[PDB]
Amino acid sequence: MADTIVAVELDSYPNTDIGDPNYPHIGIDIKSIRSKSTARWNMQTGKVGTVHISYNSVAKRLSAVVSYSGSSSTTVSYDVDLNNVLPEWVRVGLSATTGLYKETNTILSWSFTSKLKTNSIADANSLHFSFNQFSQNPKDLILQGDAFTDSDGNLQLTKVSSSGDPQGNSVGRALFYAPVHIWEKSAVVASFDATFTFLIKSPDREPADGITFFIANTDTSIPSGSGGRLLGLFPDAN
């Protein structure tokens, strides 16, 4: 049985044969690579970008924003009730790919908070983590595929040479080690927010393929055939 995925994609490469708009874009992916909602993303290759993501079960609106120093931001939102989509326990992560074309998929920092409140006025259960650099052997991350942490304390989701040159046909992901509780039968409100900073560099005219923040079943793994345009998340483009 396939994983169940919700993701925010920073999609650098337009794959118009599988429903991408014809420009780099941000998107909200609900169980499919074909985003439920997109916005045109004005990439700044070579510059550090920031992504902020948030949701809560009352508003039922998942939103993301991407910005760079000085520049205008790109936003995207989608109305969705995540408890109709995801299981009650999840893992959260980051993924990235390259394909025929390539780019660095470098993460410089990543934080995440979730809260789960029940009517029983026990206060909310909560989880927060923050990484402002990464350990070169990160015991609180599950690294999958080609993901690794370099000597600069950067998380490299996809392969780069010793010179820092990105490689094609690469896929990797990093999940936080602890499962996250995002609903239960008695729950009143669940919320989460996530931030990460990133550095996509590329020598290619058309960099590819992009980076995501994603939420999945706890035992999620890189699907077979999920390289390139599928962002290490899906086994097909349905």
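Residue numbers run from 1 along the displayed sequence.
- Once the C-alpha B-factors are averaged per stretch, 167 to 175 and 187 to 195 rank with 187 to 195 first.
- Looking at 37 to 45 and 66 to 74 together, the entry lists the larger mean B-factor for 66 to 74, computed on C-alpha atoms.
- Of the candidates 84, 144, 105, 109, the one whose C-alpha carries the top B factor in the deposited record is 84.
- For the set 98, 95, 156, 125, the PDB entry puts the maximum C-alpha B factor at 125.
- Sorting the modelled residues of the chain by their CA temperature factor places residue 148 in the lowest third.
- Sort the modelled residues of the chain by CA B factor and residue 22 lands in the highest third.
- In this PDB entry, residue 201 carries a Cα temperature factor that places it within the lowest third of its chain's modelled residues.
- Among all modelled residues in this chain, the alpha-carbon of residue 225 has a temperature factor (C-alpha) in the highest third.
- For residue 182, the recorded CA B-factor ranks within the highest third of the chain. Only modelled residues enter the ranking.
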